[PDB]
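Data file: run.cif. Format and content: mmCIF, C-alpha atoms.
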data_query
loop_
_atom_site.label_atom_id
_atom_site.label_comp_id
_atom_site.auth_asym_id
_atom_site.auth_seq_id
_atom_site.Cartn_x
_atom_site.Cartn_y
_atom_site.Cartn_z
CA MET A 1 156.33 87.22 117.67
CA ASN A 2 155.10 90.60 116.50
CA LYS A 3 158.31 92.34 115.42
CA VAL A 4 159.61 92.21 111.85
CA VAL A 5 163.05 93.65 111.06
CA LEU A 6 163.52 95.09 107.56
CA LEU A 7 167.02 95.93 106.38
CA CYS A 8 167.27 99.09 104.26
CA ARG A 9 169.70 101.63 102.84
CA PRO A 10 170.72 103.98 105.69
CA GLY A 11 168.74 107.19 105.32
CA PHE A 12 165.73 105.40 103.77
CA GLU A 13 164.18 104.19 107.01
CA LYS A 14 161.20 106.56 106.56
CA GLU A 15 160.42 105.11 103.12
CA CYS A 16 160.90 101.55 104.34
CA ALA A 17 158.67 102.24 107.36
CA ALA A 18 155.97 104.00 105.31
CA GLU A 19 155.87 101.16 102.78
CA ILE A 20 155.60 98.28 105.26
CA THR A 21 152.97 100.13 107.34
CA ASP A 22 150.98 100.69 104.12
CA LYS A 23 151.20 97.17 102.69
CA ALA A 24 150.77 95.36 106.02
CA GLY A 25 147.83 97.67 106.78
CA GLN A 26 146.20 96.64 103.50
CA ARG A 27 146.10 93.11 104.95
CA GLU A 28 144.78 94.25 108.34
CA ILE A 29 148.13 93.41 109.91
CA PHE A 30 148.17 96.63 111.86
CA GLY A 31 151.14 97.94 113.81
CA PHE A 32 153.73 100.70 113.72
CA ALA A 33 157.36 101.23 112.81
CA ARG A 34 159.57 103.75 114.53
CA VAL A 35 162.15 105.48 112.37
CA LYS A 36 165.75 105.81 113.55
CA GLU A 37 167.43 107.98 110.92
CA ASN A 38 170.44 106.34 109.30
CA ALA A 39 170.09 103.16 111.38
CA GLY A 40 169.87 101.04 108.20
CA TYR A 41 166.89 99.09 109.50
CA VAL A 42 163.29 99.46 110.52
CA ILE A 43 161.29 97.32 112.92
CA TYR A 44 157.60 96.93 112.18
CA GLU A 45 155.90 96.07 115.44
CA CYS A 46 152.59 94.33 114.87
CA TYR A 47 149.74 95.00 117.28
CA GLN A 48 148.83 91.33 117.41
CA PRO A 49 151.45 89.16 119.19
CA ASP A 50 151.83 86.50 116.42
CA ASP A 51 151.15 88.71 113.37
CA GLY A 52 154.92 88.90 112.77
CA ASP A 53 154.90 85.32 111.48
CA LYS A 54 151.70 85.93 109.51
CA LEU A 55 153.15 89.01 107.85
CA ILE A 56 156.31 87.29 106.62
CA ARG A 57 154.29 84.32 105.29
CA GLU A 58 151.48 86.15 103.51
CA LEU A 59 152.80 89.45 102.24
CA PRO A 60 155.01 88.70 99.22
CA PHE A 61 158.55 89.92 99.95
CA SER A 62 159.01 90.70 96.23
CA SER A 63 156.34 93.42 96.62
CA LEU A 64 158.53 95.54 98.93
CA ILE A 65 160.57 98.25 97.23
CA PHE A 66 162.63 99.63 100.09
CA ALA A 67 163.48 96.49 102.09
CA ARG A 68 166.64 94.58 101.11
CA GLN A 69 165.65 91.71 103.43
CA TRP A 70 163.31 90.98 106.32
CA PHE A 71 162.87 88.54 109.20
CA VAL A 72 160.64 88.12 112.22
CA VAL A 73 162.37 88.55 115.62
CA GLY A 74 161.77 88.14 119.36
CA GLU A 75 162.90 90.38 122.20
CA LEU A 76 166.23 92.23 122.20
CA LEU A 77 169.17 90.55 123.95
CA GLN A 78 171.39 93.13 125.62
CA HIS A 79 174.81 92.80 127.28
CA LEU A 80 175.93 89.47 125.77
CA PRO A 81 178.95 88.54 127.96
CA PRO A 82 182.15 87.66 126.04
CA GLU A 83 182.66 84.72 128.40
CA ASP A 84 179.14 83.46 127.71
CA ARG A 85 178.15 84.30 124.10
CA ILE A 86 176.50 81.03 123.07
CA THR A 87 174.01 80.04 125.77
CA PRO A 88 171.93 83.26 125.78
CA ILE A 89 171.43 83.08 121.98
CA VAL A 90 170.65 79.33 121.95
CA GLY A 91 168.14 80.02 124.73
CA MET A 92 166.42 82.72 122.66
CA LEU A 93 165.99 80.39 119.67
CA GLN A 94 165.17 77.11 121.41
CA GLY A 95 161.54 76.27 120.67
CA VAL A 96 161.27 79.15 118.21
CA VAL A 97 162.94 77.38 115.30
CA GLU A 98 163.68 73.65 115.00
CA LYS A 99 165.83 72.09 112.28
CA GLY A 100 166.28 75.41 110.47
CA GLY A 101 168.09 75.47 107.16
CA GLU A 102 170.81 78.12 107.27
CA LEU A 103 172.26 80.68 109.70
CA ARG A 104 172.92 84.36 108.89
CA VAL A 105 174.48 86.61 111.51
CA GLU A 106 173.97 90.10 110.12
CA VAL A 107 174.30 93.81 110.95
CA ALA A 108 172.94 97.09 109.62
CA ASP A 109 174.81 98.27 106.51
CA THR A 110 176.42 101.31 108.20
CA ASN A 111 180.04 102.38 108.47
CA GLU A 112 179.70 102.25 112.23
CA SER A 113 178.84 98.53 112.18
CA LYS A 114 181.77 97.66 109.92
CA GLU A 115 183.84 96.16 112.74
CA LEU A 116 180.76 94.42 114.13
CA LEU A 117 180.21 92.93 110.64
CA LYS A 118 183.63 91.22 110.78
CA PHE A 119 182.75 89.79 114.21
CA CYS A 120 179.41 88.50 112.91
CA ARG A 121 180.89 86.80 109.85
CA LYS A 122 183.33 84.92 112.06
CA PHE A 123 180.94 84.27 114.97
CA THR A 124 178.72 82.50 112.41
CA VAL A 125 180.95 79.42 112.38
CA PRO A 126 180.97 78.51 116.10
CA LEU A 127 177.38 79.72 116.57
CA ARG A 128 176.17 77.50 113.72
CA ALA A 129 177.81 74.47 115.34
CA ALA A 130 176.12 75.24 118.69
CA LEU A 131 172.67 75.83 117.20
CA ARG A 132 173.07 72.52 115.37
CA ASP A 133 173.93 70.78 118.64
CA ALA A 134 170.88 72.39 120.24
CA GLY A 135 168.64 71.23 117.37
CA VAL A 136 167.80 74.81 116.26
CA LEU A 137 169.58 74.19 112.96
CA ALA A 138 169.53 70.98 110.94
CA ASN A 139 172.98 69.34 110.96
CA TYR A 140 172.86 69.61 107.19
CA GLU A 141 172.06 72.81 105.29
CA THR A 142 168.64 72.75 103.63
CA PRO A 143 167.35 75.35 101.14
CA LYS A 144 163.68 74.83 102.06
CA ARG A 145 163.86 75.10 105.85
CA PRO A 146 163.66 78.63 107.31
CA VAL A 147 166.72 80.86 107.49
CA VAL A 148 167.75 81.62 111.09
CA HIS A 149 168.84 85.24 111.58
CA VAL A 150 170.87 86.60 114.47
CA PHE A 151 170.90 90.38 114.05
CA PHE A 152 173.43 92.52 115.95
CA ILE A 153 172.45 96.17 116.34
CA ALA A 154 175.45 96.91 118.59
CA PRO A 155 178.27 94.95 120.24
CA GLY A 156 176.61 92.48 122.63
CA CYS A 157 173.11 93.41 121.49
CA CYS A 158 171.17 91.20 119.12
CA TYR A 159 167.75 90.03 117.98
CA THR A 160 167.09 86.44 116.94
CA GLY A 161 164.46 85.14 114.53
CA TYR A 162 163.85 83.71 111.09
CA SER A 163 162.56 84.11 107.56
CA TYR A 164 161.02 81.69 105.07
CA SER A 165 163.35 80.77 102.23
CA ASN A 166 160.56 81.06 99.65
CA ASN A 167 159.61 84.59 100.77
CA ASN A 168 162.83 86.49 101.55
CA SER A 169 166.18 87.58 100.08
CA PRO A 170 168.50 84.68 99.31
CA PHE A 171 171.48 86.96 100.06
CA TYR A 172 173.42 87.86 103.19
CA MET A 173 172.11 91.24 104.47
CA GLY A 174 169.96 91.25 101.33
CA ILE A 175 173.12 92.09 99.35
CA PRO A 176 174.46 89.86 96.55
CA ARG A 177 178.26 89.51 96.86
CA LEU A 178 179.68 91.13 93.71
CA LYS A 179 183.19 92.01 92.58
CA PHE A 180 183.69 94.82 90.08
CA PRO A 181 185.51 93.48 87.03
CA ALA A 182 188.46 95.64 85.95
CA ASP A 183 187.60 95.21 82.26
CA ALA A 184 184.06 96.64 82.68
CA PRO A 185 183.72 100.19 81.29
CA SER A 186 181.76 101.60 84.27
CA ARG A 187 180.89 100.80 87.88
CA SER A 188 177.20 101.01 86.94
CA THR A 189 177.67 97.43 85.68
CA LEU A 190 177.09 96.29 89.28
CA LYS A 191 173.56 97.72 89.27
CA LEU A 192 172.49 95.46 86.40
CA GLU A 193 174.40 92.48 87.73
CA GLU A 194 172.78 92.86 91.15
CA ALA A 195 169.39 93.22 89.43
CA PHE A 196 169.88 89.88 87.63
CA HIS A 197 170.54 88.30 91.04
CA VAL A 198 167.68 90.01 92.86
CA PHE A 199 164.99 89.61 90.16
CA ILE A 200 165.77 86.35 88.34
CA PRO A 201 165.88 83.06 90.32
CA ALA A 202 169.31 81.45 89.92
CA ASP A 203 167.93 78.23 88.43
CA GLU A 204 166.23 80.26 85.69
CA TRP A 205 169.30 82.22 84.49
CA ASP A 206 170.29 79.87 81.65
CA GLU A 207 166.74 80.01 80.30
CA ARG A 208 165.85 83.68 80.84
CA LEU A 209 169.27 85.33 80.59
CA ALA A 210 170.19 83.06 77.74
CA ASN A 211 173.13 82.60 75.40
CA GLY A 212 172.18 84.08 72.04
CA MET A 213 169.33 86.36 73.11
CA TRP A 214 169.03 89.80 71.52
CA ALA A 215 169.07 92.78 73.86
CA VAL A 216 168.85 96.57 73.56
CA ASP A 217 170.65 98.91 75.96
CA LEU A 218 169.17 102.42 75.90
CA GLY A 219 171.62 105.19 76.80
CA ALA A 220 174.40 102.60 76.80
CA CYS A 221 177.54 104.77 76.72
CA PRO A 222 180.19 103.70 77.63
CA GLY A 223 178.85 100.21 78.34
CA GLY A 224 178.48 99.19 81.97
CA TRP A 225 175.07 97.59 81.37
CA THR A 226 175.99 96.29 77.89
CA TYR A 227 178.94 94.50 79.58
CA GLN A 228 176.57 92.38 81.72
CA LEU A 229 174.49 91.43 78.70
CA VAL A 230 177.64 90.49 76.75
CA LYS A 231 178.80 88.29 79.65
CA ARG A 232 175.52 86.33 79.33
CA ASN A 233 176.50 85.79 75.67
CA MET A 234 173.76 88.02 74.35
CA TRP A 235 173.87 90.11 71.18
CA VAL A 236 173.37 93.75 72.12
CA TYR A 237 172.26 96.90 70.32
CA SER A 238 173.94 99.62 72.40
CA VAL A 239 172.08 102.85 71.74
CA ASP A 240 173.63 106.21 72.57
CA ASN A 241 175.20 109.30 71.03
CA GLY A 242 178.34 108.61 73.07
CA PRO A 243 180.81 105.91 72.00
CA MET A 244 180.98 102.35 73.37
CA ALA A 245 184.15 101.00 74.98
CA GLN A 246 186.44 99.31 72.45
CA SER A 247 186.76 96.23 74.69
CA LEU A 248 183.03 95.61 74.15
CA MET A 249 183.19 96.34 70.42
CA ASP A 250 186.01 93.79 70.05
CA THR A 251 183.79 90.95 71.31
CA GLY A 252 181.78 91.14 68.12
CA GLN A 253 178.59 90.97 70.23
CA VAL A 254 177.86 94.70 70.23
CA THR A 255 176.26 96.88 67.60
CA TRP A 256 176.55 100.61 68.30
CA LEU A 257 173.53 102.64 67.19
CA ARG A 258 174.37 106.35 67.43
CA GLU A 259 170.94 107.63 68.52
CA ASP A 260 169.03 109.07 71.48
CA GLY A 261 167.67 106.14 73.50
CA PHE A 262 164.45 108.09 74.00
CA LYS A 263 163.88 108.37 70.24
CA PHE A 264 165.08 104.88 69.32
CA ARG A 265 162.57 102.54 67.72
CA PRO A 266 163.52 98.89 67.13
CA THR A 267 162.73 97.37 63.75
CA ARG A 268 163.82 93.89 64.92
CA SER A 269 160.87 91.91 66.32
CA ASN A 270 162.69 89.26 68.40
CA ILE A 271 164.33 91.35 71.12
CA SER A 272 164.25 89.43 74.41
CA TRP A 273 165.74 92.08 76.70
CA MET A 274 165.70 95.84 76.91
CA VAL A 275 167.59 97.64 79.67
CA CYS A 276 167.74 101.34 80.52
CA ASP A 277 169.80 103.36 83.01
CA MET A 278 169.11 106.80 81.51
CA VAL A 279 169.29 109.81 83.83
CA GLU A 280 165.95 111.55 83.29
CA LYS A 281 162.70 112.40 85.03
CA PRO A 282 161.15 109.17 86.33
CA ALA A 283 157.74 110.00 84.85
CA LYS A 284 159.42 110.20 81.42
CA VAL A 285 161.50 107.02 81.82
CA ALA A 286 158.38 105.18 82.99
CA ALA A 287 156.51 106.29 79.86
CA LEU A 288 159.28 105.04 77.55
CA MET A 289 159.35 101.70 79.37
CA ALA A 290 155.58 101.47 79.00
CA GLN A 291 155.91 102.16 75.24
CA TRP A 292 158.34 99.24 74.82
CA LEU A 293 156.15 96.88 76.86
CA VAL A 294 152.80 97.83 75.31
CA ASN A 295 154.22 97.55 71.77
CA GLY A 296 155.86 94.18 72.57
CA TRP A 297 159.30 95.49 71.65
CA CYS A 298 160.89 93.43 74.43
CA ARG A 299 159.88 90.42 76.53
CA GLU A 300 161.63 91.47 79.78
CA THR A 301 163.12 94.77 80.90
CA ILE A 302 165.27 96.12 83.72
CA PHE A 303 165.48 99.87 84.21
CA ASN A 304 166.22 102.53 86.80
CA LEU A 305 163.91 105.27 88.08
CA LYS A 306 165.34 108.29 89.92
CA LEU A 307 163.71 109.13 93.23
CA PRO A 308 162.62 112.71 94.01
CA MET A 309 163.63 114.53 97.18
CA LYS A 310 160.44 114.05 99.16
CA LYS A 311 157.48 111.65 99.06
CA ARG A 312 159.79 109.08 97.44
CA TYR A 313 157.68 105.99 98.17
CA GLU A 314 154.53 107.74 97.00
CA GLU A 315 156.13 108.99 93.79
CA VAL A 316 157.83 105.82 92.72
CA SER A 317 154.63 103.87 93.44
CA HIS A 318 152.90 106.39 91.14
CA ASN A 319 155.49 105.88 88.38
CA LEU A 320 154.86 102.14 88.65
CA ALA A 321 151.10 102.78 88.58
CA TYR A 322 151.50 104.70 85.31
CA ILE A 323 153.16 101.68 83.68
CA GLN A 324 150.45 99.39 85.03
CA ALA A 325 147.74 101.72 83.71
CA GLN A 326 149.24 101.47 80.23
CA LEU A 327 149.40 97.67 80.46
CA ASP A 328 145.77 97.43 81.61
CA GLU A 329 144.47 99.71 78.88
CA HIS A 330 145.91 97.30 76.33
CA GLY A 331 145.08 94.05 78.12
CA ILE A 332 148.72 93.12 78.57
CA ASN A 333 149.73 90.70 81.31
CA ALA A 334 153.07 91.38 82.99
CA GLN A 335 154.85 90.88 86.31
CA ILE A 336 156.40 93.99 87.85
CA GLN A 337 158.99 94.00 90.67
CA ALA A 338 161.05 96.92 91.96
CA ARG A 339 163.77 97.19 94.57
CA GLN A 340 166.14 99.81 95.85
CA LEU A 341 169.23 97.70 95.09
CA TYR A 342 172.44 97.89 97.18
CA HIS A 343 174.14 99.61 94.24
CA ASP A 344 171.21 102.03 93.97
CA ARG A 345 171.49 105.36 95.75
CA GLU A 346 168.60 107.81 95.22
CA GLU A 347 166.95 105.49 92.72
CA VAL A 348 165.18 102.16 92.40
CA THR A 349 165.57 99.41 89.83
CA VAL A 350 162.51 97.92 88.16
CA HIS A 351 162.03 94.54 86.48
CA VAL A 352 159.08 93.80 84.22
CA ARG A 353 158.38 90.49 82.51
CA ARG A 354 155.69 90.63 79.81
CA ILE A 355 153.59 87.60 78.96
CA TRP A 356 152.23 86.55 75.57
CA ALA A 357 149.12 84.35 75.43
#
Encoding of this model in structure tokens:
Amino acid sequence: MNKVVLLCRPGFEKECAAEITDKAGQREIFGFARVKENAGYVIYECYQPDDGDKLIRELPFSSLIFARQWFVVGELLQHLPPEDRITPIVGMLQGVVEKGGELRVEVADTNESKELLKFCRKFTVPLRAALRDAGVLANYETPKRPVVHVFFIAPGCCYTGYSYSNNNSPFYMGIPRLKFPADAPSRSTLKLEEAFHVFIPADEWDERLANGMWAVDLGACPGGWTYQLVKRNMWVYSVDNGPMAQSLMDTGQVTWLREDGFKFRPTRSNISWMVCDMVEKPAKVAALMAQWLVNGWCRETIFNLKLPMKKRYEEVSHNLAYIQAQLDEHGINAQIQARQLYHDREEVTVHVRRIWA
């Protein structure tokens, strides 16, 4: 199989396609991706017939900025008959995947596929039973076996394939299922919450997003990001000229520092987390983040970078390169990930974890 589907935000197919062509090309996994504007997915078609599997094994999924999820697929099934929906799909997967671990029947994240999405979510149940009977899925769900994907691009038209559970998104359509809490002071809270899910493995939350950690929230007003930190039972310095929501102040976990987040300097030396959702030029945000990391003012950070109008993949890769240049100059070891989150529009969210020897 040579085709790899990557799910993306509709309207970002060109970025998604440019990035995968670049990073696959770096590994001599040559191929091309067409770009259907607003389709909400990209298919990278490898030149070599089994490079699809090689790509999704060897290229780290965490290194892709503009893909929410990916999976390798076979040929397109068209005209699935309503009286015969099971056999053609079983036939596509037989001998492609055996004893797979989980089934996801997904669509592109467009308004047009909204009715198709409801069909897919329901079709999952009887299809899962049939694939289990056919031996394509293990009778019991297993986290370490591959995820089987059935991907509907239109009614009666689907791809079938898989992804490896240690090199993919753990979430349906690459989108963590989140409900906005009514007592949160802003909807932006979902950006940070989704970031925690995307960037920090679930079995590491209690250790890395820990009760009692100190955090700093730059440009915090009125408190959407501070809210997520408070819910992890952290103590937060919320830094802004604007006021913090009273609901947060009443928890007794929040200290409001009335300052510009760009000018703020911590005196406290045991800050675990710094987060930043400040609307400013990405080159300038990136420099502030690099200051915090190089000076060891925080151990981990999550922050947003606004995308420009054009050359978005190039420019955000350059922002990231600036931060890396600063880290290298000072011999600092850190892991950087970035992802255009579901709750991100014309921006990407970055996570950096700094290491001390």
Hey, which bits of region 255-323 of chain A sit within 12 Å of region 7-31 of chain A, and for each residue what's the closest pair of atoms and how far apart in Å (one decimal), counting all atoms listed in the file, rows by chain and increasing number, as a tab-separated table?
residue	atom	partner	partner_atom	distance
A:307	CA	A:15	CA	11.2
A:309	CA	A:12	CA	11.5
A:310	CA	A:15	CA	9.8
A:311	CA	A:15	CA	8.2
A:312	CA	A:15	CA	7.0
A:313	CA	A:15	CA	5.7
A:314	CA	A:19	CA	8.9
A:315	CA	A:15	CA	11.0
A:316	CA	A:15	CA	10.7
A:317	CA	A:19	CA	9.8
Q.
Which residues are near residue 153 (chain A)? Cut-off 9 Å, all atoms listed in the file, ignore same chain within fewer than 6 positions. Put them as a list in words.
A.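 After dropping sequence-adjacent residues, the list is residues 39, 106, 107, 108, 113, 116 and 159 of chain A.
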Q) Using only C-alpha atoms, can you list as a PyMOL selection string the residues within 12 Å of (145.6, 95.9, 78.7)? A) chain A and resi 290+293-295+323-334+354-356
**Q.** All residues 8 Å or closer to residue 167 (chain A), all atoms listed in the file, same chain fewer than 2 positions away omitted, as number ranges by chain
**A.** A: 56-57, 60-62, 163-165, 169
Can you write just those residues out, C-alpha atoms, as a CSV table (one decimal), in the frame of the given file?
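Produced file again_12.csv, reproduced below:
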chain,number,residue,atom,x,y,z
A,56,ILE,CA,156.3,87.3,106.6
A,57,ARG,CA,154.3,84.3,105.3
A,60,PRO,CA,155.0,88.7,99.2
A,61,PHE,CA,158.6,89.9,100.0
A,62,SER,CA,159.0,90.7,96.2
A,163,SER,CA,162.6,84.1,107.6
A,164,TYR,CA,161.0,81.7,105.1
A,165,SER,CA,163.4,80.8,102.2
A,169,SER,CA,166.2,87.6,100.1
Q. Which one of A:84, A:51, A:277, A:109 sits closest to residue 173 (chain A) if you count all atoms listed in the file?
A. A:109
Please write as a compact mmCIF listing (two decimals) with C-alpha atoms, keeping the file's coordinate frame the list of polymer residues whose atoms come within 6 Å of (175.1, 89.6, 127.5), counting only C-alpha atoms and keeping to the coordinates of the file.
# COMPACT_ATOMS: atom_id res chain seq x y z
CA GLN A 78 171.39 93.13 125.62
CA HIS A 79 174.81 92.80 127.28
CA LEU A 80 175.93 89.47 125.77
CA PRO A 81 178.95 88.54 127.96
CA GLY A 156 176.61 92.48 122.63
